[PDB]
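J.: This note's numbering puts the first residue of the sequence shown at 1256, with every later residue one more than the last.
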Amino acid sequence: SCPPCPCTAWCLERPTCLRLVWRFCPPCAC
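Right under this line is the structure:
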């Protein structure tokens, strides 16, 4: 859904976050 933001240091660095990120993808706060 949401294209992987270049600022991955946020929730995306957390392996558990990759689970929900499919539907639960917030705006790229880069």
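By construction, the Cβ of each residue, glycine as well, lies at the ideal position given by its N, Cα and C atoms.
1. Which residue comes first and which comes last in the alpha helix (DSSP H) that contains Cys1272?
2. Contact check, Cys1285 vs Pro1258 under 8 Å by CB: the rounded distance?
3. Under the assumption that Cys1280 contacts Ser1256 (Cβ atoms under 8 Å), give the Cβ distance between them as a whole number of angstroms.
4. Ignore the nearest five residues each way along the sequence and tell me which others in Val1276's own chain have a CB closer than 8 Å to its CB.
T.: Judging by the given coordinates:
1. Counted from its first residue, the sequence shown places residue 1272 at position 17. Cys1272 to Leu1275 is the span of the alpha helix (DSSP H), which, as asked, contains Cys1272.
2. Residue numbering aside, residue 1285 sits at position 30 when the sequence shown is read from its first letter. Residue numbering aside, residue 1258 sits at position 3 when the sequence shown is read from its first letter. Going by Cβ atoms, the distance from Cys1285 to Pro1258 rounds to 12 Å, so no, they are not a contact pair.
3. Counting from one through the sequence shown, the residue named residue 1280 turns up at place 25. Counting from one through the sequence shown, the residue named residue 1256 turns up at place 1. Taking C-beta atoms under 8 Å as the contact rule, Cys1280 and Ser1256 qualify, at a distance of about 5 Å.
4. Counting from 1 along the sequence shown, the entry for residue 1276 is found at position 21. Within the same chain, Cβ atoms closer than 8 Å to the Cβ of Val1276 are found at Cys1257, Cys1266 and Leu1267, the five residues on either side in sequence being excluded.
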